[PDB]
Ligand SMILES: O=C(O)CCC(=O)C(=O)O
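What follows is one chain in structure tokens, specifically the form solved without the named molecule.
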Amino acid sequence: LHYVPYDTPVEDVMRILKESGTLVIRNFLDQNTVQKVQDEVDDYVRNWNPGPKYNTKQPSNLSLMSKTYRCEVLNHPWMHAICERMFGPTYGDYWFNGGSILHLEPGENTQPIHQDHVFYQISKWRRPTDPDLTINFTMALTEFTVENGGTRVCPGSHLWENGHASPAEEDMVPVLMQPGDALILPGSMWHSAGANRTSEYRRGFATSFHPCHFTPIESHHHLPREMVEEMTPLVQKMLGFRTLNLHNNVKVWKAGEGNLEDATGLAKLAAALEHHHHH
């Protein structure tokens, strides 16, 4: 397991991902940003917390509940640098798969050790040298420690052949992370969260991306149009509002024979040209 600074060259990170199958990018995000995501999620769910004396929505997509998530986190250059080099040559485009809140409650037992691509039926056609089917970025809000259940990884196990037994608990390496660090988790890396034996939640959240030709865990078609229009064009494509280009330049997710973003009406020249009557 490698812990690398934010300014590590991209080729070195992909090199380590190839060799060991995982790594941690310290200071992946500033503590400011990860805390803002948690704050915006709290403001969305609005769970009732009783005062000391007598005197709400269910959680949805992180891109819906958190403006910071859909405007800053999903534009993270480290996410797209790794995703472009991981899926690009084989699949062309990639897009957002799913993003979860990873809050470990005090007293929760150890998580089963698993690969994230296990629910892909086609993980049985893939060989360990092929590109991964998905990649997770797990960002710490609280500290990730041994006691509070920080994620454990088994380096090298991404090259294990298909059907290889799950790794042994003794050979699971805990990931120790400060707020803002991120654990890089390809879909083939064997991992699991540990037991939280402390009196406080282990907090954090994740993004994940996978090839454009695979159906994402989450749809974002229920999001209001005002949120979709404040997204960058890159994030609009990530969240399923734009046509995708395969490796062979065949298009999927099209609106008829044209692009989806054209049929839905999803400003550029007006901002650039001062003489545009909409500037």
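Heads up, when I say rigid core I mean the largest set of C-alphas that superpose within 1.5 Å between the two forms. The numbering used is simple: start at 1 and walk along the sequence shown.
Unmodelled residues of the deposited sequence between neighbouring positions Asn55 and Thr56 number 4 to 9. Count the deposited residues lacking coordinates between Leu266 and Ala267 and you get 4 to 9 of them. Set 27-35 against 233-241 and average the Cα temperature factors; 27-35 ends up higher.
Per the PDB record, of the two stretches 103-111 and 174-182, 103-111 carries the greater mean B-factor over its C-alpha atoms. The entry lists C-alpha B-factors for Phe144, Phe87, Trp190, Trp95, and the highest of these is at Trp190. Between the residues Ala168, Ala81, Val118, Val73, it is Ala168 that shows the highest Cα B-factor in the PDB record. In this PDB entry, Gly204 carries a Cα temperature factor that places it within the lowest third of its chain's modelled residues. Sorting the modelled residues of the chain by their CA temperature factor places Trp125 in the highest third. In the deposited entry, the Cα temperature factor of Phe137 places it in the lowest third of its chain's modelled residues. Annotation for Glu226: CA B-factor lies in the highest third of the chain's modelled residues. Per the PDB record, residue ranking by Cα B-factor puts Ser219 in the lowest third of the chain.
Omitted here: the form deposited with the named molecule bound. The next part is about that form.
Between the options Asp93, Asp116, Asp181, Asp132, the residue in contact with the named molecule in the entry with it bound by a heavy atom within 4.5 angstroms is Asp116. Of the residues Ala193, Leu74, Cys83, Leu141, just one reaches the named molecule in the entry with it bound with a heavy atom at 4.5 Å or closer; this is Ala193. Between 165-173, 124-132, 185-193, 83-91, the stretch whose residues reach within 4.5 angstroms of the named molecule in the entry with it bound through a non-hydrogen atom is 185-193. At the 4.5 Å threshold, heavy atoms of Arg202 reach the named molecule in the entry with it bound.
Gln58 belongs to the set of residues with a heavy atom inside 4.5 Å of the named molecule in the entry with it bound.
Proximity of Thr151 to the named molecule in the entry with it bound falls within the 4.5 Å heavy atom cutoff. At the 4.5 Å threshold, heavy atoms of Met79 stay clear of the named molecule in the entry with it bound, well away from it.
Contacts between stretch 89-113 and the named molecule, counted in the entry with it bound as any heavy atom lying within 4.5 Å, involve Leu102, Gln111, listed in sequence order.
Only one entry in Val252, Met227, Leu234, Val45 has its C-alpha moved by 2 angstroms or more between this form and the one not shown when the rigid core is superposed, and that entry is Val45. Shown here is a form in which the CA atoms of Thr142 and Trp48 lie at least 3 Å farther apart than they do in the entry with it bound. Contraction of the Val45-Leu104 CA spacing by 3 Å or more is recorded in the entry with it bound, set against this form.
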